[PDB]
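S.K.:
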Amino acid sequence: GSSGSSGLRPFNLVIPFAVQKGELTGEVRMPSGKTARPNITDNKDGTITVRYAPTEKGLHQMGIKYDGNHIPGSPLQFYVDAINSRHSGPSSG
């Protein structure tokens, strides 16, 4: 296709998994032929936030772990498509 302005929406998801006295690690695999380490924001409230910035569009493989144990929900598949232009959905207070 084209080479430059790709634009790919970020990956923001919250998995129901508590985390207090443990480390949560993960990894992403792009269809290009490489791998990039995702991001996790431990809330220590009973859930975890996953943030990943895809560079290419396609099916990516995300494999998370917990102190050496496949968290309840990983790995997970997430497709990446070009960022939309417009979208309905007003905000409220």
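Position one of the sequence shown corresponds to residue 1 (PDB author numbering), numbered consecutively onward. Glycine included, C-beta positions come from ideal geometry on N, C-alpha and C.
Assuming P38 contacts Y52 under a Cβ cut-off of 8 Å, what Cβ separation, rounded to an integer in Å, is found between them?
M.R.: For the purposes of this step, residue 38 is identified with residue 38 of the sequence shown, where counting begins at 1. For the purposes of this step, residue 52 is identified with residue 52 of the sequence shown, where counting begins at 1. Confirmed, about 4 Å.
S.K.: Report the residue from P90, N84, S88, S92 whose alpha carbon sits nearest the alpha carbon of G7.
M.R.: Position 7 of the sequence shown, counting from 1, holds the residue named residue 7. If we check each option's Cα against that of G7, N84 comes out closest.
S.K.: Looking at the structure shown, is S3 part of a helix, part of a strand, or coil, going by DSSP?
M.R.: Here residue 3 refers to the residue found at position 3 when the sequence shown is read from its first residue. Here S3 sits in coil by DSSP.
S.K.: Cα separation between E56 and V50?
M.R.: Mapped onto the sequence shown, residue 56 falls at position 56. Mapped onto the sequence shown, residue 50 falls at position 50. Each residue's alpha carbon lies about 18 Å from the other.
S.K.: If you scan the segment 38-91 from start to end, which runs of the alpha helix (DSSP H) of 4 or more residues do you find wholly inside it?
M.R.: Counting only runs of 4 or more, we get nothing.
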